[PDB]
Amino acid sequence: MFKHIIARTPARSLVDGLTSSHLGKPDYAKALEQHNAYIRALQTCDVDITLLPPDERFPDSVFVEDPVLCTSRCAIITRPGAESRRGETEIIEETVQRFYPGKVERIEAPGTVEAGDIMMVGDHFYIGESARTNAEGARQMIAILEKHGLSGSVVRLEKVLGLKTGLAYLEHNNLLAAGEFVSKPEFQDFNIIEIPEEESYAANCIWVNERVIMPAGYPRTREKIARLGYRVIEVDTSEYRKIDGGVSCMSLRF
């Protein structure tokens, strides 16, 4: 159960975010609206929201998910592989302090980590290795998790750019899997829910106090979720999709 959410308002320089596709550039005017709709969605999940102001110096700052990992025992300020984002950790640490007084950790060079590559299952965190999360980084992470009585294995990435890009743990041993992940050994004791190819983007959803927020326009996937009896909530994030961003990326939940 979550009691807090953290989000940051999209910067105008958002059009110059770190994309890796020819999905086109995002429309600030439209993106700013989707974010709002996003927040209003969370306003109905019995959590209190700490909405941070937009910082133009970081296009992708709206993706607070990556900068930090928030656990039930501590918080780990990560270290963004992408340097244009590495500063984001500093503009959020104050908020992190307020919530985790005296219990704040941080990744030190040369290792790097982006919480987007981490999935939280119970007290275990799966850390998929990517271009953004190198071996050293992940190592320190598990090191820290262990320090505070927590665990964290590692997962190997074939196709997907980030861990929670084809996965989503909706609690109750329910996993959303797309692409490779569907048969990845590690998650065979989970109620793997397959996401069809054309809808692989909906593999990135978030479970919030029994409600489940997902991108708008992915019916099939949507169906399966309502199936399980989750109060599904659709939010159009198309403009974030343009820069590999989704519902999980846009917030910290703890």
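Residue numbers here begin at 1 and follow the sequence given.
Averaging C-alpha B-factors over each stretch, which comes out higher, 68-76 or 127-135?
Mean CA B-factor is higher for 127-135.
If you average the CA temperature factors over each stretch, which comes out higher, 211-219 or 225-233?
Mean C-alpha B-factor is greater for 225-233.
Of the options 92, 115, 120, 182, which has the highest CA B factor as deposited?
Among 92, 115, 120, 182, the highest C-alpha B-factor in the entry belongs to 182.
Quick one: which of 33, 56, 46, 198 has the biggest Cα B-factor according to the entry?
In the PDB entry, the greatest C-alpha B-factor among 33, 56, 46, 198 is found at 198.
Taking only the Cα B-factors deposited for this chain, tell me whether residue 11 sits in the lowest, middle or highest third.
Lowest third.
Taking the C-alpha B-factors as the PDB entry records them, is residue 63 in the lowest, middle or highest third of its chain?
According to the entry, residue 63 has a C-alpha B-factor in the chain's lowest third.
By the record's CA B-factor, is residue 192 among the lowest, middle or highest third of residues in the chain?
Highest third, going by the recorded CA B-factors of the chain.
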